[PDB]
Amino acid sequence: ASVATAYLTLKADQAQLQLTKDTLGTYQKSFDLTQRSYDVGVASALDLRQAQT
Amino acid sequence: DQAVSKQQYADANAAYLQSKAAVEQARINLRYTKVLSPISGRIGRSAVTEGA
């Protein structure tokens, strides 16, 4: 029972790791667009600091 | 310090310039009602008196 629960938590936690890597990708793309709109001048620096947080 | 955008600074500058234009037109109508001499010269008599 303990080896089975360890393997199931290992598979589920590396799936969780993959989904957090994908959310990191989407947040990085959103900060890339906010830094792009900050250079041009549409977005103020408050939206840039919110995307950076 | 870029704490607001350059775009809604251009919007606020536009609202400022348009309201200056409105004050300028109201000041044109207020520099009327005291009918200045259009050219310098010798003036005749008032065909339209006080009160009319």
# chains A, B, ... in the order shown; residues from 1 in each chain; ligands from 1
call {"tool": "interface_residues", "arguments": {"of": "chain A", "to": "chain B", "cutoff": "10 Å", "atoms": "only C-alpha atoms", "output": "ChimeraX atom specification"}}
result
/A:38,40-47
call {"tool": "residues_around", "arguments": {"residues": "range 26-30 of chain A", "least_positions_apart": "2", "cutoff": "12 Å", "atoms": "only C-alpha atoms", "output": "PDB file with C-alpha atoms, in the first residue's frame"}}
result
ATOM      1  CA  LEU A  19       0.741  22.341 -15.229  1.00  0.00           C
ATOM      2  CA  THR A  20       2.636  24.899 -13.130  1.00  0.00           C
ATOM      3  CA  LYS A  21       5.294  25.065 -15.853  1.00  0.00           C
ATOM      4  CA  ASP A  22       2.539  25.775 -18.381  1.00  0.00           C
ATOM      5  CA  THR A  23       0.991  28.506 -16.185  1.00  0.00           C
ATOM      6  CA  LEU A  24       4.487  29.998 -15.871  1.00  0.00           C
ATOM      7  CA  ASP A  32       6.077  39.991 -22.459  1.00  0.00           C
ATOM      8  CA  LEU A  33       3.001  41.681 -23.940  1.00  0.00           C
ATOM      9  CA  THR A  34       2.752  44.151 -21.041  1.00  0.00           C
ATOM     10  CA  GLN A  35       6.444  45.051 -21.461  1.00  0.00           C
ATOM     11  CA  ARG A  36       5.774  45.481 -25.195  1.00  0.00           C
ATOM     12  CA  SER A  37       2.827  47.796 -24.536  1.00  0.00           C
ATOM     13  CA  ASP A  47       0.144  47.338 -15.064  1.00  0.00           C
ATOM     14  CA  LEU A  48       3.796  46.468 -15.711  1.00  0.00           C
ATOM     15  CA  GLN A  50       1.230  43.941 -11.614  1.00  0.00           C
ATOM     16  CA  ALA A  51       2.292  41.628 -14.458  1.00  0.00           C
ATOM     17  CA  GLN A  52       5.766  41.371 -12.912  1.00  0.00           C
ATOM     18  CA  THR A  53       4.319  40.347  -9.519  1.00  0.00           C
TER      19      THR A  53
END
call {"tool": "select_by_dssp", "arguments": {"residues": "chain B", "states": "helix (DSSP H, G or I)", "output": "list in words"}}
result
residues 7, 8, 9, 10, 11, 12, 13, 14, 15, 16, 17, 18, 19, 20, 21, 22, 23, 24, 25, 26, 27, 28, 29, 30 and 31 of chain B
call {"tool": "write_last_selection", "arguments": {"atoms": "N, CA and C atoms", "output": "PDB file, in the first residue's frame"}}
result
ATOM      1  N   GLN B   7      -0.368  57.784 -22.992  1.00  0.00           N
ATOM      2  CA  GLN B   7      -1.586  57.931 -23.778  1.00  0.00           C
ATOM      3  C   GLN B   7      -2.653  58.724 -23.034  1.00  0.00           C
ATOM      4  N   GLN B   8      -2.925  58.389 -21.769  1.00  0.00           N
ATOM      5  CA  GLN B   8      -3.840  59.246 -21.023  1.00  0.00           C
ATOM      6  C   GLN B   8      -3.145  60.437 -20.384  1.00  0.00           C
ATOM      7  N   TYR B   9      -1.911  60.731 -20.787  1.00  0.00           N
ATOM      8  CA  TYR B   9      -1.408  62.092 -20.694  1.00  0.00           C
ATOM      9  C   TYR B   9      -1.726  62.887 -21.951  1.00  0.00           C
ATOM     10  N   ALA B  10      -1.646  62.252 -23.127  1.00  0.00           N
ATOM     11  CA  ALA B  10      -2.059  62.940 -24.348  1.00  0.00           C
ATOM     12  C   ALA B  10      -3.555  63.236 -24.351  1.00  0.00           C
ATOM     13  N   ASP B  11      -4.359  62.363 -23.740  1.00  0.00           N
ATOM     14  CA  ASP B  11      -5.795  62.620 -23.610  1.00  0.00           C
ATOM     15  C   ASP B  11      -6.076  63.807 -22.691  1.00  0.00           C
ATOM     16  N   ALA B  12      -5.363  63.896 -21.565  1.00  0.00           N
ATOM     17  CA  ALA B  12      -5.550  65.020 -20.655  1.00  0.00           C
ATOM     18  C   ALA B  12      -5.041  66.323 -21.253  1.00  0.00           C
ATOM     19  N   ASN B  13      -3.950  66.267 -22.021  1.00  0.00           N
ATOM     20  CA  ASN B  13      -3.453  67.455 -22.704  1.00  0.00           C
ATOM     21  C   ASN B  13      -4.430  67.913 -23.781  1.00  0.00           C
ATOM     22  N   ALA B  14      -5.107  66.967 -24.438  1.00  0.00           N
ATOM     23  CA  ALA B  14      -6.116  67.331 -25.426  1.00  0.00           C
ATOM     24  C   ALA B  14      -7.336  67.967 -24.785  1.00  0.00           C
ATOM     25  N   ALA B  15      -7.770  67.444 -23.632  1.00  0.00           N
ATOM     26  CA  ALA B  15      -8.898  68.049 -22.927  1.00  0.00           C
ATOM     27  C   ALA B  15      -8.558  69.454 -22.446  1.00  0.00           C
ATOM     28  N   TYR B  16      -7.314  69.653 -21.999  1.00  0.00           N
ATOM     29  CA  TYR B  16      -6.846  70.983 -21.616  1.00  0.00           C
ATOM     30  C   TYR B  16      -6.852  71.957 -22.789  1.00  0.00           C
ATOM     31  N   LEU B  17      -6.354  71.527 -23.953  1.00  0.00           N
ATOM     32  CA  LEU B  17      -6.307  72.427 -25.105  1.00  0.00           C
ATOM     33  C   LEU B  17      -7.700  72.727 -25.659  1.00  0.00           C
ATOM     34  N   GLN B  18      -8.606  71.745 -25.640  1.00  0.00           N
ATOM     35  CA  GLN B  18      -9.974  72.010 -26.081  1.00  0.00           C
ATOM     36  C   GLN B  18     -10.702  72.963 -25.136  1.00  0.00           C
ATOM     37  N   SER B  19     -10.450  72.856 -23.829  1.00  0.00           N
ATOM     38  CA  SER B  19     -11.117  73.781 -22.924  1.00  0.00           C
ATOM     39  C   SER B  19     -10.507  75.178 -22.996  1.00  0.00           C
ATOM     40  N   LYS B  20      -9.206  75.283 -23.302  1.00  0.00           N
ATOM     41  CA  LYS B  20      -8.631  76.586 -23.641  1.00  0.00           C
ATOM     42  C   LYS B  20      -9.281  77.186 -24.879  1.00  0.00           C
ATOM     43  N   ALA B  21      -9.599  76.351 -25.874  1.00  0.00           N
ATOM     44  CA  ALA B  21     -10.283  76.854 -27.063  1.00  0.00           C
ATOM     45  C   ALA B  21     -11.691  77.346 -26.739  1.00  0.00           C
ATOM     46  N   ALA B  22     -12.386  76.655 -25.831  1.00  0.00           N
ATOM     47  CA  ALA B  22     -13.720  77.102 -25.428  1.00  0.00           C
ATOM     48  C   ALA B  22     -13.666  78.422 -24.664  1.00  0.00           C
ATOM     49  N   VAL B  23     -12.678  78.577 -23.777  1.00  0.00           N
ATOM     50  CA  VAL B  23     -12.492  79.851 -23.081  1.00  0.00           C
ATOM     51  C   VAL B  23     -12.096  80.956 -24.052  1.00  0.00           C
ATOM     52  N   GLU B  24     -11.338  80.625 -25.102  1.00  0.00           N
ATOM     53  CA  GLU B  24     -10.968  81.633 -26.089  1.00  0.00           C
ATOM     54  C   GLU B  24     -12.172  82.098 -26.898  1.00  0.00           C
ATOM     55  N   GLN B  25     -13.090  81.191 -27.246  1.00  0.00           N
ATOM     56  CA  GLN B  25     -14.295  81.633 -27.952  1.00  0.00           C
ATOM     57  C   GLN B  25     -15.227  82.433 -27.045  1.00  0.00           C
ATOM     58  N   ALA B  26     -15.331  82.050 -25.766  1.00  0.00           N
ATOM     59  CA  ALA B  26     -16.121  82.851 -24.834  1.00  0.00           C
ATOM     60  C   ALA B  26     -15.489  84.216 -24.583  1.00  0.00           C
ATOM     61  N   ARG B  27     -14.161  84.299 -24.593  1.00  0.00           N
ATOM     62  CA  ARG B  27     -13.479  85.578 -24.460  1.00  0.00           C
ATOM     63  C   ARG B  27     -13.583  86.416 -25.726  1.00  0.00           C
ATOM     64  N   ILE B  28     -13.755  85.789 -26.890  1.00  0.00           N
ATOM     65  CA  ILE B  28     -14.057  86.541 -28.107  1.00  0.00           C
ATOM     66  C   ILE B  28     -15.452  87.147 -28.030  1.00  0.00           C
ATOM     67  N   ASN B  29     -16.439  86.362 -27.588  1.00  0.00           N
ATOM     68  CA  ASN B  29     -17.770  86.938 -27.391  1.00  0.00           C
ATOM     69  C   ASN B  29     -17.829  87.922 -26.227  1.00  0.00           C
ATOM     70  N   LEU B  30     -16.848  87.912 -25.331  1.00  0.00           N
ATOM     71  CA  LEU B  30     -16.817  88.882 -24.244  1.00  0.00           C
ATOM     72  C   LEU B  30     -15.956  90.105 -24.568  1.00  0.00           C
ATOM     73  N   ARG B  31     -15.053  90.014 -25.557  1.00  0.00           N
ATOM     74  CA  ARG B  31     -14.410  91.187 -26.150  1.00  0.00           C
ATOM     75  C   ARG B  31     -15.272  91.824 -27.218  1.00  0.00           C
TER      76      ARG B  31
END
call {"tool": "atom_distance", "arguments": {"atom1": "CA of residue 8 in chain A", "atom2": "CA of residue 25 in chain A"}}
result
25.9 Å
call {"tool": "atom_distance", "arguments": {"atom1": "CA of residue 35 in chain B", "atom2": "CA of residue 47 in chain B"}}
result
14.4 Å
call {"tool": "atom_distance", "arguments": {"atom1": "CA of residue 1 in chain A", "atom2": "CA of residue 18 in chain A"}}
result
25.9 Å
